[PDB]
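# Architecture and fold: a report
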Amino acid sequence: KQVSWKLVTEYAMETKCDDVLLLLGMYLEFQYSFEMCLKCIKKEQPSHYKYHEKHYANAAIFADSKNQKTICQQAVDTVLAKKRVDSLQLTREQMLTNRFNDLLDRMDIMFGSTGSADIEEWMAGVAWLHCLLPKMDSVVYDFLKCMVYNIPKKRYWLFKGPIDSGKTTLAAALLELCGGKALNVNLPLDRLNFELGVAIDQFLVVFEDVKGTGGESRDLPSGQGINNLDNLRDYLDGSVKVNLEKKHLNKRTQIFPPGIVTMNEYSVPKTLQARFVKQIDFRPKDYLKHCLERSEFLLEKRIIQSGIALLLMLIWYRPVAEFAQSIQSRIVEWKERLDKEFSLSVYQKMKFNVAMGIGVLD
Amino acid sequence: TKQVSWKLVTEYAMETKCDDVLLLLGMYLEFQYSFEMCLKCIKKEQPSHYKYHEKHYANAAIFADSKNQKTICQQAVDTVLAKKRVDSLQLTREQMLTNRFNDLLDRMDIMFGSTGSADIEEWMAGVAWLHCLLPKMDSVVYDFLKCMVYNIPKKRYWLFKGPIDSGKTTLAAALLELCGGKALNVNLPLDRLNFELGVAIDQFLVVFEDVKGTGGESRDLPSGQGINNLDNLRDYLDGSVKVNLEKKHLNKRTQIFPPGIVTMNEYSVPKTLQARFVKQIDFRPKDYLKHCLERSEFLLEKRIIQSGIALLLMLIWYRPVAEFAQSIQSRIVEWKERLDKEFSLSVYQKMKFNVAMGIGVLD
Amino acid sequence: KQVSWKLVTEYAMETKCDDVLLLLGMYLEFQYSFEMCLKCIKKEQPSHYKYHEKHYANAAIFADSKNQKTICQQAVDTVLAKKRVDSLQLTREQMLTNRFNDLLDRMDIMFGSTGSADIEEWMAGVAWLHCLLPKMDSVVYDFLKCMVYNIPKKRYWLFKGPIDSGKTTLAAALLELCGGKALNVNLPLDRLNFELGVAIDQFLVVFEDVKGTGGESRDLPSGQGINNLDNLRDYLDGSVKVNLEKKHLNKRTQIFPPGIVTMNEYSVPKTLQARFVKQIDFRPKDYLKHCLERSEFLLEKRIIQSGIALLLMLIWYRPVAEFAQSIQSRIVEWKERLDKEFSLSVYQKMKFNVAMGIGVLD
Amino acid sequence: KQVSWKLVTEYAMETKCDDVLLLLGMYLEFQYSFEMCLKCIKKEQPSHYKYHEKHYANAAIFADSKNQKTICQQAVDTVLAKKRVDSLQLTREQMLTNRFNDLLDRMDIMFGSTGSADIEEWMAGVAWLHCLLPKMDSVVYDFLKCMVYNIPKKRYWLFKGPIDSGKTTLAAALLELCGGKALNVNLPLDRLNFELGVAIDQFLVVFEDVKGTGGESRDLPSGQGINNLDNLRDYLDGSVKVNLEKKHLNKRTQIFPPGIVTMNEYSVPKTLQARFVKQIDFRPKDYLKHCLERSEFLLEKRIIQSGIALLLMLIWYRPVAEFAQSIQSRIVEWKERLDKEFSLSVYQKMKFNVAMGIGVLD
Amino acid sequence: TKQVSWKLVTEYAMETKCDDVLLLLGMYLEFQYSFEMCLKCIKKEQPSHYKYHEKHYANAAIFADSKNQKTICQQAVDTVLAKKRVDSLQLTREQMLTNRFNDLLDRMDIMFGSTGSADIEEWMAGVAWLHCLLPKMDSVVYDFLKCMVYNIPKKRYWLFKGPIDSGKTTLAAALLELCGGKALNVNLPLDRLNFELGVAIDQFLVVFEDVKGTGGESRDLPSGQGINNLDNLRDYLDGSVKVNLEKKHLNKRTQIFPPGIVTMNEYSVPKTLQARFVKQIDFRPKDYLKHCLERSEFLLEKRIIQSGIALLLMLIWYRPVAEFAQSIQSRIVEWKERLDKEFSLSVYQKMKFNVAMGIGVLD
Ligand SMILES: Nc1ncnc2c1ncn2[C@@H]1O[C@H](COP(=O)(O)OP(=O)(O)OP(=O)(O)O)[C@@H](O)[C@H]1O
Ligand SMILES: Nc1ncnc2c1ncn2[C@@H]1O[C@H](COP(=O)(O)OP(=O)(O)OP(=O)(O)O)[C@@H](O)[C@H]1O
Ligand SMILES: Nc1ncnc2c1ncn2[C@@H]1O[C@H](COP(=O)(O)OP(=O)(O)OP(=O)(O)O)[C@@H](O)[C@H]1O
Ligand SMILES: Nc1ncnc2c1ncn2[C@@H]1O[C@H](COP(=O)(O)OP(=O)(O)OP(=O)(O)O)[C@@H](O)[C@H]1O
Ligand SMILES: Nc1ncnc2c1ncn2[C@@H]1O[C@H](COP(=O)(O)OP(=O)(O)OP(=O)(O)O)[C@@H](O)[C@H]1O
Ligand SMILES: [Mg+2]
Ligand SMILES: [Mg+2]
Ligand SMILES: [Mg+2]
Ligand SMILES: [Mg+2]
Ligand SMILES: [Mg+2]
Ligand SMILES: [Zn+2]
Ligand SMILES: [Zn+2]
Ligand SMILES: [Zn+2]
Ligand SMILES: [Zn+2]
Ligand SMILES: [Zn+2]
């Protein structure tokens, strides 16, 4: 007759839910009969159907509790605590491995009998992405290594190029591939600290569309983004720990996460450039655009900016020995799944269509 | 022992989709008095009241004696907020719009029903006026809805541009109500931008109303910082990466910023920002639209032409049932029949004619 | 043995008290014996004498409570909840009607045997005000219609004119007549949202003495008031709901209230002028000035700036039919009272004195 | 059957944990059976394996508590209280000695049969660092003396030089060697006090990469860092106590900690220079760069920027007599360990390789 | 019983004048261990500890098991702050100074006693060096004290002005400690200005350290807003009307701002601001003072010349017993006798001579 706080926490931990309202909403859905539950029968959400039955009894009681929010708060704090421990005790490679396993879990479902994704359309995204930059699978691989090694002053990559050249598309994919947050430093430096606070315990960070000053010649608006980053050298450096605040108060002193900076060809101060271990210049390509025009599903289903598309790319191009030993078995399994559905020629055909700019699946 | 049921208050909040603690408190306290001698119920007036007073009388009676009224309402409101959060993350955007349409249809059943106070004839007149605001108006609205539903990266915002009193706000307000969402003001100092932007959390779409730019001294347009601010929010408009929205002195949600509309006078738009606008609609003042209104005061007095319900009526009247979500098609059919029963093509065409003539829409 | 929270709430509701400290102070007065209470017998304050005896028992216990503030907070929240429901469920005319009934209650007392107001001095105020603008009673009537109708983009009146021309006097009187708040937008926009939040659930708002820039010619100091208003087009239009915040405890998305803007002949951008349905230009008048010099009570007793003076004006000049059906019976009573105390010539004599610049009651 | 708050506090005290989420996370790991706990048997984390068995019983109960965060807060407050007492009552040498003992504790594990660190790779770091500046071990020794003596207006050292000259590398190592915080004063003054509040109860502080002006000729971006420092003369002097704040959390009036300032050779006002007892000019050296290119582990494992590398350097170079009496015996043990691991010539070869610009362990 | 005594904790805080919740928490937790073989008590390291461990052992043992440790300490600290508030409003300014002197003398009794670590000879050397910093130094200090005690409207602030390293901070810090008070920094933006000012609540005096002005760019002096900020705080320096000091998101106290000192380099001072300064002392660098220190490092290493105890020792050595408050006089006489037996006039004069010669003060 008493709610089990521990069970709510268990559910939060199992789904890695660190959103109090989301947790509250999800758990309240379990208060209803699992025997007569359509959400479970239709297998709509794993975070729901894989847990409804076990949590039914506790949820029924939870529904009558007067401290619902408080209970969920402790549950979420436990998830945050776990993330804090992992950030301090796991190797960065282990962190990425956990991320990859979560993505593979989503893949098993989305490409399984209860999924609505078409593996063929996703491989088409892999094809398009592999035409965006030279040796794309190596670019992605080298990025992962850079993020994992997290070497002082060799932690950031710069994505520079004209409008609609693919900077955000790839940055977004990489961000989802590794896990992390996108930060906006173009806003006033007043609320800057709080924006930077979002990076606490994150694997990596992406400073999106940072604006500079000298660029009115190229019809580029001026902003303080670049000046702001140049005032954050100890953040990009990753040598000394910085002081992040995320709760209207100082919450954590830590090495700032490594990451990416994307921008529109503004001038970059040498002091800031020294923080970028690699710079990639993106170039708009007619065929990529024309291909997208006839391959609308790549944007509508958000495939080319997905970390899942990048993960598939790695599974298709990279040798098993490069992946963490603990996950290799699972990788081999997906390599076999892919070979059984896409011959080399078929994939080559997709890339061909991209270069020709004529519908990837044509 | 006569203990108030928190679960019952929560159920009431859920059924009325009440996410306002004070509103919830005020409403529940009304169920405190006898259901028998209640003018509110017998005279109808408010569904959120008469459809629940009897069922909640007993619990409300106890609630009236509680020393934790606000706390109880808080948990009820949090449950409603939690449901909104789950839906924003788990429903398809089409399902979201469909839920919104069903809510509007519920209001329409009442307002145009026995206990209602609306005159369908006056609302259809609103449809007529709106159809003369832009070319192929019903297609403009349909295309807008698909854009909002598809939520395609960097192809999610429509720009409404034009002179004072050309219809930008009228249509934006109507679409905002049709889909559900919030209107944000980014003309205010960025020192409070995050707080305004935070209002977008869990919203279907957003409207950046009357954004001011620079270099507008030509058309006597006062300069402002709204355009510069939007250009600093490219990741918000793009909808590719999740943004960090703050609420209550604390970041409460990392999410893809909602798609939407930007309305503005004729200021210059930087290339970087223009790239985030999939479509631009140029609004133009029309004497006959003005003259028609002067003789059709009820359209403004009853807030009909700026209403999402007028647009829903338009969609029902013009679009094929097949274009609507499968789950609400039969409901759309009942309305098409209701409308066909109420108005012949001639009666409606006369309304559009009067509008084009700058005369009172009716008669 | 224990205090009845509901009783404190009933007192708050009956007195429409939404000020926690005022409520606390008032209820504590009821803890004393009422038998020989002079506040009661001399009927000094209705908020006191109509309730002391009834609340004595509960107040005596309240005085020994350890949660006085908390009890009154729930009471005030109930009052605020009622205002919230009313703002969303009553027609705007019903809102105005409720306000008029509250003013009439105050009038019943003021001009009653236990009141200290002289109805003749107040009618003198009506006379003076009726000489401030042409067809004043119609101006007030039209203003009320404008506020009730609350038509999109046709909701604000602009009071413009030189120093001491009567702008504030009339705006203050109208504010009290309808109920609402006066907002100062001449201060930094940084703390502007705070001020805008006071408009939550208000019937109308008055932006007092807004300063512009083009005014060197008239020795008028520059300010940001006009630019600030111009950044609030969606607030003035009243088409879409805006987002108001009343500190970290009461946010609200609602249509901004309609109202008034008063200013000193500064330049007004065409974009801002488009939000004003009517502009009234006030002019200083020597006789109005000379009259007041000889009718000091009009200022000392704050009569010409009172909503009660305007309500008396409407009662004297307007046809019963123009008032809401439910209040007409009461308006008739007051029309009879005014006719009993003032013949047409006696009232006309006050207007004569005003026009001639002499003591209104000469 | 009720959780022991004192035991959680003891665990926090033993691990010197002043991070509520970290504490919560670590203590929750103890709720699981330890009998066959691999984290324990494999001895992966001292903070875990040295306490799991002892805290299992209390932790199993804690897991069922509804006040987990509150329990952890009292525990963390105790750790913060202990640090506050220590900062006010211990001599600065005792503070440093306590830090050295904590570092030595980590060293016992790192280089132990259970550790993962290779003493050879760490001594290679000592060799590289010893080539960074002339008489490096004396530079570190003198720095320690300056920090311990904490002499008014003779407590800050300025590291100045071009990009990638070793300023941050050495400052980061000295910061970890002594314990303290790295502060960023390049950001706006708004949250300047927030950043400065981080210095509360810290042994020393490092103002990293302070931006100045008048450096356009050097292609150095302008900033307000130097200007900000010049407005903090009372902080740098350490004569009067200053007032530090951590929001509505922890406030404190204390003498500001002594420390380091690193910068890119901008101009320094005489007023500011007067607060720097010593200025070290760093210079890029081709061989140091070449050596690192062939000794990547020094950066990948963050060895040259480590306080442990510096402590090993002091142990190797400095006479036992210079260390605090209470720690001398432990220093002797380490000097014996090092002498056993490396002969004078074997260590000299490492320095030889660095000077030659080749792999340190080549 | 099994319950902690909050009253005892408060008593401990009151006796140690502890207004730091964390320090109080840390200190009381030390009493939970057996007093029997406590090393801290036998070694007589900290009075705040060894003089109370035995008495509080029992209560502390129970306190160690409490779940409301911080709450208990907060009530104790609040009591200390309440006492401070009462004293600020009800004691004469002389009594305030007297209580401060008595506290310093208590510290002197220990530091110069059998369990102390201070060398009276080294501190007397500090008096010697300081007496060489300005003409008639003992009279300067005396006059300063009278100015602070009298607290006369618009005659409450002294201005210390001079070049770098001339002794401004050295003397200001010593006087600050001698009288008790706070040092404020007004060179930082006025955003957090109200917060720094709040630090002066209930303080005897305030020191505005190193205030930067405009101009003076002719003497390599970086310009700042310090002076402009002080000129905007005229009602604070005047001390005629009460000002409103904020502390923790709210103006926690309306009071006469305390009197004090302002130190600065050679920047220009507006006449409006100069009018709040009753006395201006111009400090000047002296080679011999510098050379003396180079050969008397302990004066800086042990923070002697910047100490309030050095100035109290100076007053004791130079000032007539009659100048001290009646209540402390007998105590002052004891110290005068202690000093005379420790140092003959020629021995002290020799110290001043050495300073003047730029040689080690001692020997
Ligand atoms: N190299 C490319 N060539 C042609 N079209 C591209 C290329 N990359 C992306 N696109 C197209 O442009 C869209 C947006 O790309 P994206 O957001 O990555 O650009 P950036 O991030 O390249 O540009 P911006 O500076 O405006 O942020 C994609 O949705 C796609 O249709
Ligand atoms: N195309 C039009 N032609 C003539 N009158 C119009 C038109 N559109 C709207 N109006 C009239 O002008 C009023 C204001 O319209 P609306 O708020 O939509 O304009 P905008 O939003 O067009 O202009 P603004 O730039 O001032 O915000 C309407 O209430 C209506 O009376
Ligand atoms: N039309 C008028 N003619 C002469 N005197 C007037 C007039 N109107 C108001 N006054 C005088 O001015 C006072 C009120 O002015 P307010 O109504 O305060 O002026 P504004 O609001 O007219 O001027 P301001 O621009 O300074 O705010 C009255 O108390 C009265 O003495
Ligand atoms: N004296 C040196 N000579 C050659 N290379 C060096 C030297 N010092 C450091 N480096 C190399 O440069 C990198 C960065 O050094 P560090 O962060 O200490 O420089 P700063 O702190 O010297 O420069 P910045 O002003 O950019 O912060 C090191 O990781 C190393 O590879
Ligand atoms: N009059 C003096 N002549 C020579 N040296 C002095 C004098 N006063 C102080 N010093 C020396 O200079 C140091 C700093 O003095 P202090 O902090 O008081 O100067 P200011 O406060 O005089 O200068 P600043 O403007 O830099 O704060 C002392 O520690 C001491 O070594
Ligand atoms: Mg982009
Ligand atoms: Mg508009
Ligand atoms: Mg006025
Ligand atoms: Mg550096
Ligand atoms: Mg100084
Ligand atoms: Zn289910
Ligand atoms: Zn009812
Ligand atoms: Zn009474
Ligand atoms: Zn274990
Ligand atoms: Zn002891």
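- Per the deposited record, the coordinates in this entry were obtained by X-ray crystallography to a resolution of 1.94 Å.

- If you look chain B up in the PDB entry, it shows as large T antigen from Simian virus 40.
- Here the entry title, as the record gives it, is "Co-crystal structure of SV40 large T antigen helicase domain and ATP".

- Looking up chain A in the PDB entry gives the name large T antigen, with the organism given as Simian virus 40.
- The heading Subcellular location in the UniProt record of chain A holds the text "Host nucleus".

## Quick look at the coordination of the zinc ion (ligand 15)
All names here are of chain E.
- Distances from the zinc ion (ligand 15) to its protein donors, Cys 38 (SG), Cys 41 (SG), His 49 (NE2) and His 53 (ND1), fall within 1.9 to 2.3 Å.
- Every donor counted, the four donor atoms about the zinc ion (ligand 15) form angles of 101 to 125 degrees at the centre, which fits tetrahedral coordination.
- The sequence motif formed by the donor residues of the zinc ion (ligand 15) is C-x2-C-x7-H-x3-H. Across the pair, exposure class does not vary: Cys 38 and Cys 41 are buried alike.

## Focus on the interface of chain D and chain A
- Contacts between the two partners involve 49 residues from chain D and, on the opposite side, 49 residues from chain A.
- Buried area between chain D and chain A, both sides added, is near 4200 Å², and the carbon and sulfur share of it is 54%.
- Summed over the shared surface of chain D and chain A, the result is 16 residue pairs in polar contact.
- Broken down by secondary-structure element, the contributors of at least two residues to the side of chain D that touches chain A are α2 (20–29), α6 (68–89), α10 (167–178), β2 (180–183), α11 (192–196) and α16 (297–300) of chain D.
- Per-element accounting of the side of chain D that touches chain A gives the leading share, seven residues, to α2 of chain D.
- Residues of the side of chain D that touches chain A, tallied by class, amount to 20 nonpolar, 11 polar and 18 charged.

## Observations concerning the site of ligand 2
- Among the 20 residues in the neighbourhood of ligand 2, the closest are listed as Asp 165, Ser 166, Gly 167 and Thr 170 of chain B together with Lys 153 of chain C.
- Around ligand 2 the close residues trace back to chains B and C.
- Contacts to ligand 2 include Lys 286 of chain B, whose backbone N or O atom sits 2.8 Å from a nitrogen atom.
- Side-chain polar atom of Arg 275 of chain C to an oxygen atom of ligand 2: 2.9 Å apart, as the coordinates give it.
- Here ligand 2, which alone exposes 640 Å², has 94% of that area covered by the protein.
- Counting residues per element, the ones that place at least two in the shell around ligand 2 are α10 (168–179) and α15 (287–294) of chain B.
- Taken together, the residues that form the shell around ligand 2 break down as seven nonpolar, five polar and eight charged.
- Here the shell around ligand 2 spans two domains, and each of domain 2 (92–132 + 286–362) and domain 3 (133–285) of chain B adds at least three residues to it.

## Brief notes about the pairing of strand β6 (residues 260–264) of chain E
Residue and element names in this part refer to chain E.
- β6 sits mainly inside the fold: five of its five residues count as buried.
- As judged from the five bridges shared by strand β1 (residues 157–161) and β6, these two strands associate in the parallel manner. By the bridge assignment, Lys 161 is partnered in β6 with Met 264.
- Pairing between strand β3 (residues 206–208) and β6: three bridges, direction parallel. Residue pairing for β6: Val 206 is matched across the bridge by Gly 260.

## Remarks on the UniProt feature "binding site: Zn(2+)" in chain A
Residues and elements named next belong to chain A.
- Annotation from UniProt places "binding site: Zn(2+)" at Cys 37, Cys 40, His 48 and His 52. Taken along the chain, the residues just named run across 16 residues; in space they keep tight, none of their C-alpha pairs more than 10.5 Å apart.
- With respect to the helices and strands, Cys 37 occurs in the loop between α2 (20–28) and α3 (38–41).
- Every residue in contact with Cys 37, bar those within four places of it in the chain, is listed here: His 48 and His 52.
- Position of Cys 40 relative to the elements: it lies in helix α3.

## Re the arrangement of the chains
- With respect to C-alpha atoms, chain A approaches chain C no nearer than 12 Å, and the pair has no contact.
- Note that chain C does not reach chain E: the shortest distance linking a C-alpha of one to a C-alpha of the other is 12 Å.

Procedures and definitions
Residues numbered from 1 in each chain as written, not as in the entry; some residues may be left out. Chains lettered and ligands numbered in written order. Part of a larger assembly, values for the part shown. Heavy atoms only, no water. Residues with missing side-chain atoms left out of burial classes, pairs and counts. UniProt positions renumbered as here; feature names shortened; annotations may be inferred. Donors = N, O, S within 2.8 Å, 3.2 Å for Na, K, Ca; no water. Tetrahedral: all angles 85-135°; square planar, octahedral: opposite > 155°, others 65-115°. Buried < 20%, exposed > 50% of the residue type's maximum accessible area, 1.4 Å probe, protein only. Contact = heavy atoms within 4.5 Å. Buried area = accessible area lost by both parts, 1.4 Å probe. Polar contact = N/O pair within 3.5 Å; in protein donor to acceptor, adjacent residues only side chain to side chain. Helix = DSSP H or I, 4+ residues; strand = E, 2+ residues; numbered from the N terminus. Nonpolar A, V, L, I, M, F, W, Y, C, P; charged D, E, K, R; others polar. Near = heavy atom within 4 Å. Areas by Shrake-Rupley, 256 points an atom, 1.4 Å probe, with all protein chains shown as cover. Domains from an automatic or database assignment. Pairing = 2+ DSSP bridges.

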